[PDB]
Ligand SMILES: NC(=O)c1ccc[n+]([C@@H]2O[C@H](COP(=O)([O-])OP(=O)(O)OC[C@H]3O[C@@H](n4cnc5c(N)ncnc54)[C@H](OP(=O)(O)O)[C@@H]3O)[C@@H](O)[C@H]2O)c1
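Just the one chain here, the form solved without the ligand, laid out as structure tokens.
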């Protein structure tokens, strides 16, 4: 039992974008720790990653669990040198119907979790004089959508936090970036109808929904030496749905 590869931590790795990111980072040569909210899901991740990764249960809303998970990774696999913040649900509602819990839960799962996990991995990245924090944002952080004020506020806050952290950590060669997916094919889009997914792809310049692997490719690029002079940016992967 000796683990010599650099360690990547991917939260919310069970399916879709998170699963593709985790598998791509494995292919890139990392030892990947993926997280799921349940222990069953964590075991499914352990099974998928085999001897080049591990699955751990983590509710990113809880600081005690964040600290325990990162401590476990450091004590068993090594310092987290790539952090991909992908965990996170939506709780949509127009503001008149958006409850205190609807707001707080989303802000905690997305923005607070990014703050907590980034803070927790900073010591190891600083010691290594190498680090990658890659936050999965969304196109709705830029192109606002009614009913997603909580999600949009959280994602935009994550982007601003990333800029501040990039400035604080730049001299230690830690890059902090966000990837903003557009319409990507997920179980959720699979749930939608043919006609709705044509409505969606009609809004995309490339005239199709993206795939999880497109986001994985963007993250793999940002985590590599090929993006060592890129920090504090948003990398939009939306097929021209939103251009900035």
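Positions refer to the first chain, counted from 1.
The form solved in complex with the ligand is left out here; the points below concern that form.
Interface residue among 69, 26, 60, 216, judged by heavy atoms within 4.5 Å of the ligand in the deposited bound form: 60. When you look in the deposited bound form, the only residue of 46, 186, 201, 52 with a non-hydrogen atom within 4.5 Å of the ligand is 186. The shortest heavy atom separation between residue 14 and the ligand in the deposited bound form is within 4.5 Å. In the deposited bound form, at least one heavy atom of residue 38 sits within 4.5 Å of a heavy atom of the ligand.
Taking the partner from the other structure, the ligand in the deposited bound form has no heavy atom within 4.5 Å of any heavy atom of residue 94. The ligand is not shown here, and in the deposited bound form it never comes within 4.5 Å of any heavy atom of residue 133. Stretch-level contact analysis of 109-117, 166-174, 76-84, 124-132 against the ligand in the deposited bound form, using heavy atoms and a 4.5 Å limit, identifies 109-117. Residues of 203-225 placing a heavy atom within 4.5 Å of the ligand in the deposited bound form: none.
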